[PDB]
Amino acid sequence: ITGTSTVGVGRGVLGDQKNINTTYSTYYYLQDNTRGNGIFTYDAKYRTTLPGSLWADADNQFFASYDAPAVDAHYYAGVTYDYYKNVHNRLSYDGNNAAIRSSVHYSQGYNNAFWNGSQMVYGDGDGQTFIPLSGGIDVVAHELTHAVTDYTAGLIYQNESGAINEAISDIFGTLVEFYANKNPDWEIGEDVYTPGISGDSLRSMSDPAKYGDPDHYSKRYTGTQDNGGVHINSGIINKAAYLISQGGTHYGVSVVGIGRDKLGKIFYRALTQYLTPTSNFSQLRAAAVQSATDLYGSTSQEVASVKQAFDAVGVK
Ligand SMILES: [Ca+2]
Ligand SMILES: [Ca+2]
Ligand SMILES: [Ca+2]
Ligand SMILES: [Cl-]
Ligand SMILES: [Cl-]
Ligand SMILES: [Cl-]
Ligand SMILES: [Cl-]
Ligand SMILES: [Zn+2]
Ligand SMILES: [Zn+2]
Ligand SMILES: [Zn+2]
Ligand SMILES: [Zn+2]
Ligand SMILES: [Zn+2]
Ligand SMILES: [Zn+2]
């Protein structure tokens, strides 16, 4: 909508206060004109119709419980935009400043959130398994990173390529969480999963086996469920990424950590320059090695650590 750029204030799903970029035209709308072609957040009103109505508020204050999922969807879309722009010089998910649209209050008791090819969609959760899922910045950036993948490598959502697709989203979801300083960690979904249980998450990148996901190629899932284990076998790549960044000894292989920024540069270059729709784990290793070689030189610590990390998780 046309109007004046304003700055409102509200509280997110977890009760935290934050400013949000809005647009004033009689009402204050969740329309952020400061990021690309805009960030737009919508009320789906518990329906499955999308996108719903552009979110309108009378006073530019967003402290009602019903407001909280919209506050976070809007703000964390903005943080994800800022990460890709400031860290990777990537403008929105398509690199051409595409508008980022999000709908909250999708369906009823819906324990999921997803990029649907054109926009983000957030359920509210059932209040036991999930609270409104836009409250998790790693979930927001995980799903928006699926869009980045769709506009770059095009990894297919099955078997090893699909597990890479998932791990790329967990890696950059986590790097966005660190970039925001939103109580970062190497867990996924901890802020919105199981409000009655502290200290858990959907999956762990530092210790995938905590939740029964594999942390070594020899423990990969080979059945047909979950599109060939895409949310399971991602643990193998997530652990490799954790080791590249933080270092450690894993199955007797010592990995010298190189930090989060270099992990992100290596995997972003692999994703945008070298991966293809059918890249498998071995080809991801090759792409990460080549990407680190491009960035740091073939004799660098960074290349050596990439090789160590993939050795540690049994990927040659
Ligand atoms: Ca209000
Ligand atoms: Ca997290
Ligand atoms: Ca929990
Ligand atoms: Cl560990
Ligand atoms: Cl471990
Ligand atoms: Cl470790
Ligand atoms: Cl170990
Ligand atoms: Zn998803
Ligand atoms: Zn995903
Ligand atoms: Zn966290
Ligand atoms: Zn998923
Ligand atoms: Zn280990
Ligand atoms: Zn470890």
# chains A, B, ... in the order shown; residues from 1 in each chain; ligands from 1
>>> residues_near_ligand(ligand="ligand 13", cutoff="10 Å", atoms="only C-alpha atoms and all ligand atoms", output="tab-separated table (two decimals) with N, CA, C and O atoms, in the first residue's frame")
chain	number	residue	atom	x	y	z
A	205	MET	N	22.60	-29.68	15.75
A	205	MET	CA	23.69	-29.73	14.79
A	205	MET	C	25.00	-30.14	15.46
A	205	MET	O	25.84	-30.78	14.83
A	206	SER	N	25.17	-29.75	16.73
A	206	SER	CA	26.39	-30.09	17.46
A	206	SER	C	26.40	-31.55	17.88
A	206	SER	O	27.48	-32.15	18.01
A	207	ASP	N	25.23	-32.16	18.08
A	207	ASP	CA	25.13	-33.54	18.54
A	207	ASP	C	23.85	-34.15	17.98
A	207	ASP	O	22.86	-34.34	18.70
A	208	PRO	N	23.82	-34.47	16.68
A	208	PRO	CA	22.57	-34.95	16.08
A	208	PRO	C	22.00	-36.17	16.76
A	208	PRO	O	20.78	-36.34	16.82
A	215	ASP	N	25.14	-38.92	12.84
A	215	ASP	CA	26.27	-38.00	12.85
A	215	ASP	C	27.45	-38.58	12.09
A	215	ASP	O	28.59	-38.11	12.26
A	239	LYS	N	26.47	-31.77	11.34
A	239	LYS	CA	27.62	-32.01	12.21
A	239	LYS	C	28.92	-31.59	11.54
A	239	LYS	O	29.80	-31.02	12.18
A	240	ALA	N	29.06	-31.88	10.25
A	240	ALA	CA	30.24	-31.42	9.53
A	240	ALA	C	30.36	-29.91	9.60
A	240	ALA	O	31.45	-29.37	9.84
A	242	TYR	N	29.02	-27.86	11.89
A	242	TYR	CA	29.37	-27.51	13.26
A	242	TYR	C	30.88	-27.66	13.50
A	242	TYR	O	31.52	-26.79	14.09
A	243	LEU	N	31.45	-28.78	13.04
A	243	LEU	CA	32.88	-29.02	13.22
A	243	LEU	C	33.73	-28.01	12.46
A	243	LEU	O	34.74	-27.52	12.99
A	246	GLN	N	33.25	-24.75	14.75
A	246	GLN	CA	33.61	-24.77	16.16
A	246	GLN	C	34.76	-25.71	16.48
A	246	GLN	O	35.30	-25.64	17.59
A	247	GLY	N	35.15	-26.56	15.54
A	247	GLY	CA	36.18	-27.54	15.79
A	247	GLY	C	35.74	-28.64	16.74
A	247	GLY	O	34.64	-28.64	17.30
A	248	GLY	N	36.63	-29.60	16.91
A	248	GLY	CA	36.39	-30.68	17.84
A	248	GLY	C	36.91	-31.99	17.31
A	248	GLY	O	37.38	-32.05	16.17
A	249	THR	N	36.86	-33.04	18.12
A	249	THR	CA	37.25	-34.37	17.71
A	249	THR	C	36.00	-35.23	17.61
A	249	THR	O	35.18	-35.25	18.54
A	250	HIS	N	35.82	-35.88	16.47
A	250	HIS	CA	34.58	-36.59	16.18
A	250	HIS	C	34.95	-37.90	15.51
A	250	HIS	O	35.63	-37.89	14.48
A	251	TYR	N	34.51	-39.01	16.10
A	251	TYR	CA	34.95	-40.33	15.68
A	251	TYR	C	36.46	-40.36	15.47
A	251	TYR	O	36.97	-40.92	14.50
A	254	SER	N	40.30	-35.18	14.40
A	254	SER	CA	40.41	-33.85	14.97
A	254	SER	C	40.18	-32.81	13.88
A	254	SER	O	40.84	-32.84	12.83
A	255	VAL	N	39.23	-31.91	14.12
A	255	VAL	CA	38.90	-30.83	13.20
A	255	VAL	C	39.29	-29.52	13.87
A	255	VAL	O	38.86	-29.24	14.99
A	312	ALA	N	35.55	-36.66	9.35
A	312	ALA	CA	35.01	-37.01	10.66
A	312	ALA	C	33.62	-37.61	10.55
A	312	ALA	O	33.26	-38.50	11.34
>>> closest_atom_pairs(of="chain A", to="ligand 2", cutoff="7 Å", atoms="only C-alpha atoms and all ligand atoms", output="CSV")
residue,atom,partner,partner_atom_place_in_ligand_line,distance
A:138,CA,ligand 2,1 (Ca),5.3
A:174,CA,ligand 2,1 (Ca),5.7
A:177,CA,ligand 2,1 (Ca),6.4
A:184,CA,ligand 2,1 (Ca),5.8
A:185,CA,ligand 2,1 (Ca),5.0
A:186,CA,ligand 2,1 (Ca),5.5
A:187,CA,ligand 2,1 (Ca),4.3
A:188,CA,ligand 2,1 (Ca),4.2
A:189,CA,ligand 2,1 (Ca),5.5
A:190,CA,ligand 2,1 (Ca),5.8
>>> closest_atom_pairs(of="segment 64-137 of chain A", to="segment 31-39 of chain A", cutoff="8 Å", atoms="only C-alpha atoms", output="Markdown table")
| residue | atom | partner | partner_atom | distance |
| --- | --- | --- | --- | --- |
| A:74 | CA | A:39 | CA | 6.9 |
| A:77 | CA | A:39 | CA | 7.2 |
| A:78 | CA | A:39 | CA | 7.0 |
| A:81 | CA | A:35 | CA | 7.3 |
| A:91 | CA | A:36 | CA | 7.0 |
| A:92 | CA | A:36 | CA | 7.0 |
| A:97 | CA | A:36 | CA | 4.6 |
| A:98 | CA | A:37 | CA | 5.8 |
| A:99 | CA | A:37 | CA | 4.8 |
| A:100 | CA | A:39 | CA | 4.8 |
| A:101 | CA | A:39 | CA | 6.0 |
>>> select_by_dssp(residues="segment 17-135 of chain A", states="helix (DSSP H, G or I)", output="PyMOL selection string")
chain A and resi 65-88+133-135
>>> select_by_dssp(residues="segment 32-280 of chain A", states="strand (DSSP E)", output="ChimeraX atom specification")
/A:32,39-43,53-54,56-57,61-62,100-106,113-115,120-123,187-188,203-204,248-250,253-255
>>> residues_near_ligand(ligand="ligand 9", cutoff="12 Å", atoms="only C-alpha atoms and all ligand atoms", output="CSV table (one decimal) with C-alpha atoms, in the first residue's frame")
chain,number,residue,atom,x,y,z
A,112,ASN,CA,4.3,-26.3,10.8
A,113,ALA,CA,5.8,-23.4,8.8
A,114,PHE,CA,6.9,-23.3,5.2
A,115,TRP,CA,8.2,-21.4,2.2
A,116,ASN,CA,5.6,-22.2,-0.5
A,138,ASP,CA,16.1,-20.2,12.9
A,139,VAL,CA,12.8,-21.6,11.6
A,140,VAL,CA,12.1,-18.3,9.7
A,141,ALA,CA,15.6,-18.2,8.1
A,142,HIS,CA,15.6,-22.0,7.5
A,143,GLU,CA,12.5,-21.8,5.4
A,144,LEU,CA,13.6,-18.6,3.6
A,145,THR,CA,16.9,-20.3,2.8
A,146,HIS,CA,14.9,-23.0,1.0
A,147,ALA,CA,14.0,-20.1,-1.4
A,148,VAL,CA,17.6,-19.2,-1.7
A,149,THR,CA,18.3,-22.8,-2.7
A,150,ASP,CA,15.5,-22.8,-5.2
A,155,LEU,CA,18.7,-29.2,-4.8
A,156,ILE,CA,16.0,-31.8,-5.2
A,157,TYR,CA,14.0,-32.7,-2.0
A,158,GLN,CA,14.8,-36.4,-1.8
A,162,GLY,CA,17.3,-33.3,-0.1
A,163,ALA,CA,19.3,-33.8,3.1
A,164,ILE,CA,21.8,-31.3,1.8
A,165,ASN,CA,18.9,-29.0,1.0
A,166,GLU,CA,17.7,-29.4,4.6
A,167,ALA,CA,21.2,-29.0,6.1
A,168,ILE,CA,21.8,-25.8,4.1
A,169,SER,CA,18.6,-24.4,5.6
A,170,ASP,CA,19.7,-25.4,9.1
A,171,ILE,CA,23.2,-24.0,8.6
A,172,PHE,CA,22.0,-20.6,7.4
A,173,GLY,CA,19.1,-20.6,9.8
A,188,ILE,CA,17.0,-25.9,15.5
A,189,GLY,CA,13.6,-24.7,16.7
A,202,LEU,CA,13.8,-30.3,16.9
A,203,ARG,CA,17.3,-31.4,16.1
A,226,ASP,CA,10.6,-38.5,5.0
A,227,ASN,CA,11.5,-38.3,1.3
A,229,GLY,CA,15.4,-39.2,5.3
A,230,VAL,CA,15.9,-35.6,4.4
A,231,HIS,CA,15.3,-34.3,8.0
A,232,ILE,CA,17.3,-37.3,9.4
A,234,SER,CA,20.8,-33.7,7.4
>>> residues_around(residues="segment 19-28 of chain A", least_positions_apart="6", cutoff="10 Å", atoms="only C-alpha atoms", output="compact mmCIF listing (two decimals) with N, CA and C atoms, in the first residue's frame")
# COMPACT_ATOMS: atom_id res chain seq x y z
N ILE A 1 0.85 -1.24 0.00
CA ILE A 1 0.00 0.00 0.00
C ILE A 1 0.86 1.26 0.00
N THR A 2 0.31 2.37 -0.49
CA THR A 2 1.00 3.64 -0.43
C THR A 2 0.79 4.30 0.92
N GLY A 3 1.81 5.00 1.40
CA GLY A 3 1.73 5.66 2.69
C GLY A 3 3.09 6.14 3.13
N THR A 4 3.18 6.47 4.41
CA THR A 4 4.39 7.00 5.03
C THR A 4 5.10 5.92 5.83
N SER A 5 6.43 5.86 5.70
CA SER A 5 7.21 4.89 6.45
C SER A 5 7.28 5.29 7.92
N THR A 6 6.92 4.36 8.79
CA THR A 6 6.87 4.61 10.22
C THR A 6 7.58 3.47 10.94
N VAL A 7 7.78 3.65 12.25
CA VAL A 7 8.42 2.64 13.08
C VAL A 7 7.51 2.40 14.27
N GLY A 8 6.95 1.18 14.36
CA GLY A 8 6.14 0.79 15.48
C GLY A 8 6.95 0.01 16.50
N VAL A 9 6.25 -0.46 17.52
CA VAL A 9 6.85 -1.26 18.58
C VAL A 9 5.86 -2.34 19.00
N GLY A 10 6.40 -3.49 19.37
CA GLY A 10 5.54 -4.59 19.77
C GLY A 10 6.34 -5.63 20.52
N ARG A 11 5.67 -6.73 20.84
CA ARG A 11 6.30 -7.88 21.48
C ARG A 11 6.05 -9.12 20.64
N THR A 34 11.92 -0.38 3.84
CA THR A 34 13.34 -0.12 3.94
C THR A 34 14.19 -1.27 3.41
N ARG A 35 13.59 -2.40 3.06
CA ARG A 35 14.34 -3.60 2.65
C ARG A 35 13.85 -4.06 1.29
N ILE A 39 9.05 -5.79 2.80
CA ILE A 39 8.65 -6.94 3.59
C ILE A 39 7.21 -6.71 4.02
N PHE A 40 6.33 -7.66 3.70
CA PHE A 40 4.89 -7.55 3.90
C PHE A 40 4.40 -8.72 4.74
N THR A 41 3.67 -8.44 5.81
CA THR A 41 3.17 -9.48 6.69
C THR A 41 1.66 -9.40 6.79
N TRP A 55 -1.44 -6.92 7.22
CA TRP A 55 -1.70 -6.72 8.64
C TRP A 55 -1.88 -5.24 8.96
N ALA A 56 -3.04 -4.88 9.53
CA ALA A 56 -3.37 -3.50 9.85
C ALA A 56 -3.57 -3.36 11.35
N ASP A 57 -3.07 -2.26 11.90
CA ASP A 57 -3.12 -1.97 13.32
C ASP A 57 -3.43 -0.48 13.50
N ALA A 58 -4.29 -0.17 14.48
CA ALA A 58 -4.77 1.20 14.61
C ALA A 58 -3.73 2.17 15.17
N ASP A 59 -2.84 1.72 16.07
CA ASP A 59 -1.99 2.65 16.81
C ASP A 59 -0.49 2.39 16.69
N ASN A 60 -0.06 1.47 15.84
CA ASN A 60 1.37 1.20 15.63
C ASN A 60 2.02 0.57 16.85
N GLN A 61 1.22 0.00 17.74
CA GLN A 61 1.68 -0.74 18.90
C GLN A 61 1.16 -2.16 18.77
N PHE A 62 2.05 -3.14 18.93
CA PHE A 62 1.74 -4.52 18.60
C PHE A 62 2.04 -5.41 19.81
N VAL A 71 4.44 -9.84 14.54
CA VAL A 71 5.63 -9.09 14.91
C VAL A 71 6.89 -9.87 14.54
N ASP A 72 6.93 -11.15 14.92
CA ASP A 72 8.14 -11.94 14.71
C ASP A 72 8.33 -12.34 13.25
N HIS A 74 7.49 -10.64 10.71
CA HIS A 74 7.90 -9.41 10.04
C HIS A 74 9.33 -9.05 10.38
N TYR A 75 9.65 -9.05 11.68
CA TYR A 75 10.97 -8.67 12.14
C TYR A 75 12.03 -9.68 11.70
N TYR A 76 11.74 -10.97 11.84
CA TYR A 76 12.76 -11.96 11.51
C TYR A 76 12.94 -12.12 10.00
N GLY A 78 12.96 -9.48 8.21
CA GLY A 78 13.89 -8.37 8.06
C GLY A 78 15.31 -8.73 8.48
>>> residues_around(residues="segment 295-303 of chain A", least_positions_apart="3", cutoff="9 Å", atoms="only C-alpha atoms", output="ChimeraX atom specification")
/A:244,256-258,262,265-266,269,288-292,306-308
>>> write_last_selection(atoms="N, CA and C atoms", output="PDB file, in the first residue's frame")
ATOM      1  N   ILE A 244      33.357 -27.692  11.213  1.00  0.00           N
ATOM      2  CA  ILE A 244      34.095 -26.677  10.461  1.00  0.00           C
ATOM      3  C   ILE A 244      34.165 -25.384  11.258  1.00  0.00           C
ATOM      4  N   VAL A 256      40.094 -28.718  13.171  1.00  0.00           N
ATOM      5  CA  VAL A 256      40.466 -27.386  13.639  1.00  0.00           C
ATOM      6  C   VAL A 256      39.389 -26.404  13.183  1.00  0.00           C
ATOM      7  N   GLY A 257      38.669 -25.827  14.143  1.00  0.00           N
ATOM      8  CA  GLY A 257      37.579 -24.919  13.808  1.00  0.00           C
ATOM      9  C   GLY A 257      38.076 -23.607  13.222  1.00  0.00           C
ATOM     10  N   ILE A 258      37.307 -23.072  12.272  1.00  0.00           N
ATOM     11  CA  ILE A 258      37.661 -21.845  11.568  1.00  0.00           C
ATOM     12  C   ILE A 258      36.645 -20.732  11.780  1.00  0.00           C
ATOM     13  N   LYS A 262      33.515 -17.965   8.233  1.00  0.00           N
ATOM     14  CA  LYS A 262      34.145 -18.710   7.154  1.00  0.00           C
ATOM     15  C   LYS A 262      33.316 -19.932   6.761  1.00  0.00           C
ATOM     16  N   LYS A 265      30.782 -18.431   4.442  1.00  0.00           N
ATOM     17  CA  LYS A 265      31.306 -18.069   3.127  1.00  0.00           C
ATOM     18  C   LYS A 265      31.540 -19.311   2.277  1.00  0.00           C
ATOM     19  N   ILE A 266      32.064 -20.370   2.893  1.00  0.00           N
ATOM     20  CA  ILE A 266      32.365 -21.594   2.162  1.00  0.00           C
ATOM     21  C   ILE A 266      31.084 -22.240   1.658  1.00  0.00           C
ATOM     22  N   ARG A 269      29.270 -20.075  -1.027  1.00  0.00           N
ATOM     23  CA  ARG A 269      29.906 -20.228  -2.329  1.00  0.00           C
ATOM     24  C   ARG A 269      29.623 -21.602  -2.930  1.00  0.00           C
ATOM     25  N   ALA A 288      32.626 -27.925  -1.240  1.00  0.00           N
ATOM     26  CA  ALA A 288      33.102 -27.138  -0.099  1.00  0.00           C
ATOM     27  C   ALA A 288      34.615 -26.984  -0.151  1.00  0.00           C
ATOM     28  N   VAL A 289      35.322 -28.055  -0.529  1.00  0.00           N
ATOM     29  CA  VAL A 289      36.776 -27.986  -0.684  1.00  0.00           C
ATOM     30  C   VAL A 289      37.151 -26.979  -1.764  1.00  0.00           C
ATOM     31  N   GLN A 290      36.479 -27.042  -2.913  1.00  0.00           N
ATOM     32  CA  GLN A 290      36.782 -26.097  -3.984  1.00  0.00           C
ATOM     33  C   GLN A 290      36.450 -24.675  -3.568  1.00  0.00           C
ATOM     34  N   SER A 291      35.334 -24.491  -2.855  1.00  0.00           N
ATOM     35  CA  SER A 291      34.947 -23.156  -2.424  1.00  0.00           C
ATOM     36  C   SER A 291      35.966 -22.585  -1.454  1.00  0.00           C
ATOM     37  N   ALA A 292      36.400 -23.391  -0.483  1.00  0.00           N
ATOM     38  CA  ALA A 292      37.449 -22.948   0.428  1.00  0.00           C
ATOM     39  C   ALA A 292      38.759 -22.696  -0.312  1.00  0.00           C
ATOM     40  N   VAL A 306      37.992 -28.188   6.273  1.00  0.00           N
ATOM     41  CA  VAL A 306      36.848 -28.740   5.545  1.00  0.00           C
ATOM     42  C   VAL A 306      37.036 -30.233   5.332  1.00  0.00           C
ATOM     43  N   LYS A 307      38.232 -30.630   4.885  1.00  0.00           N
ATOM     44  CA  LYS A 307      38.507 -32.044   4.655  1.00  0.00           C
ATOM     45  C   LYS A 307      38.407 -32.845   5.947  1.00  0.00           C
ATOM     46  N   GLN A 308      38.963 -32.307   7.045  1.00  0.00           N
ATOM     47  CA  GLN A 308      38.877 -32.962   8.353  1.00  0.00           C
ATOM     48  C   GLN A 308      37.428 -33.194   8.761  1.00  0.00           C
TER      49      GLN A 308
END
>>> atom_distance(atom1="atom CA of residue 273 of chain A", atom2="atom CA of residue 261 of chain A")
17.9 Å
>>> residues_around(residues="residue 128 of chain A", least_positions_apart="5", cutoff="10 Å", atoms="only C-alpha atoms", output="ChimeraX atom specification")
/A:109,111,192-197
>>> write_last_selection(atoms="N, CA, C and O atoms", output="PDB file, in the first residue's frame")
ATOM      1  N   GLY A 109      -4.291 -24.683  14.920  1.00  0.00           N
ATOM      2  CA  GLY A 109      -3.443 -25.636  15.616  1.00  0.00           C
ATOM      3  C   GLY A 109      -2.412 -26.290  14.715  1.00  0.00           C
ATOM      4  O   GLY A 109      -2.083 -27.468  14.887  1.00  0.00           O
ATOM      5  N   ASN A 111       1.006 -27.256  13.278  1.00  0.00           N
ATOM      6  CA  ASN A 111       2.362 -27.414  13.808  1.00  0.00           C
ATOM      7  C   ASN A 111       3.401 -27.389  12.686  1.00  0.00           C
ATOM      8  O   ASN A 111       4.182 -28.324  12.505  1.00  0.00           O
ATOM      9  N   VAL A 192      10.537 -22.276  19.828  1.00  0.00           N
ATOM     10  CA  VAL A 192       9.112 -22.502  19.617  1.00  0.00           C
ATOM     11  C   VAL A 192       8.684 -23.946  19.852  1.00  0.00           C
ATOM     12  O   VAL A 192       7.476 -24.218  19.852  1.00  0.00           O
ATOM     13  N   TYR A 193       9.612 -24.875  20.066  1.00  0.00           N
ATOM     14  CA  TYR A 193       9.293 -26.282  20.272  1.00  0.00           C
ATOM     15  C   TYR A 193       9.027 -26.553  21.752  1.00  0.00           C
ATOM     16  O   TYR A 193       9.753 -26.062  22.619  1.00  0.00           O
ATOM     17  N   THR A 194       7.959 -27.305  22.025  1.00  0.00           N
ATOM     18  CA  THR A 194       7.591 -27.795  23.360  1.00  0.00           C
ATOM     19  C   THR A 194       7.723 -26.742  24.462  1.00  0.00           C
ATOM     20  O   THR A 194       8.695 -26.761  25.230  1.00  0.00           O
ATOM     21  N   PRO A 195       6.766 -25.821  24.593  1.00  0.00           N
ATOM     22  CA  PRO A 195       6.876 -24.794  25.640  1.00  0.00           C
ATOM     23  C   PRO A 195       6.937 -25.367  27.053  1.00  0.00           C
ATOM     24  O   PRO A 195       7.456 -24.700  27.958  1.00  0.00           O
ATOM     25  N   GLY A 196       6.442 -26.576  27.266  1.00  0.00           N
ATOM     26  CA  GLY A 196       6.501 -27.181  28.579  1.00  0.00           C
ATOM     27  C   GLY A 196       7.786 -27.903  28.910  1.00  0.00           C
ATOM     28  O   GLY A 196       7.935 -28.386  30.038  1.00  0.00           O
ATOM     29  N   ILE A 197       8.729 -27.983  27.970  1.00  0.00           N
ATOM     30  CA  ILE A 197       9.971 -28.739  28.133  1.00  0.00           C
ATOM     31  C   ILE A 197      11.124 -27.802  27.802  1.00  0.00           C
ATOM     32  O   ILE A 197      11.277 -27.388  26.646  1.00  0.00           O
TER      33      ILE A 197
END
>>> residues_around(residues="segment 274-283 of chain A", least_positions_apart="6", cutoff="6 Å", atoms="only C-alpha atoms", output="list in words")
residues 153, 154, 155, 156, 160, 161, 315 and 316 of chain A
>>> atom_distance(atom1="atom CA of residue 252 of chain A", atom2="atom 1 (Cl, counted along the ligand's line) of ligand 4")
11.7 Å
>>> closest_residue(among="A:49, A:65, A:80, A:103", to="ligand 1", atoms="only C-alpha atoms and all ligand atoms")
A:65
>>> atom_distance(atom1="atom CA of residue 105 of chain A", atom2="atom CA of residue 82 of chain A")
24.7 Å
>>> closest_residue(among="A:259, A:159, A:48, A:63", to="ligand 1", atoms="only C-alpha atoms and all ligand atoms")
A:63
>>> closest_residue(among="A:228, A:102, A:137, A:85", to="residue 181 of chain A", atoms="only C-alpha atoms")
A:137
>>> closest_residue(among="A:212, A:123, A:235, A:199", to="ligand 8", atoms="only C-alpha atoms and all ligand atoms")
A:123
>>> closest_residue(among="A:183, A:245, A:198, A:134", to="ligand 6", atoms="only C-alpha atoms and all ligand atoms")
A:245
>>> closest_residue(among="A:42, A:83, A:151, A:110", to="residue 30 of chain A", atoms="only C-alpha atoms")
A:42
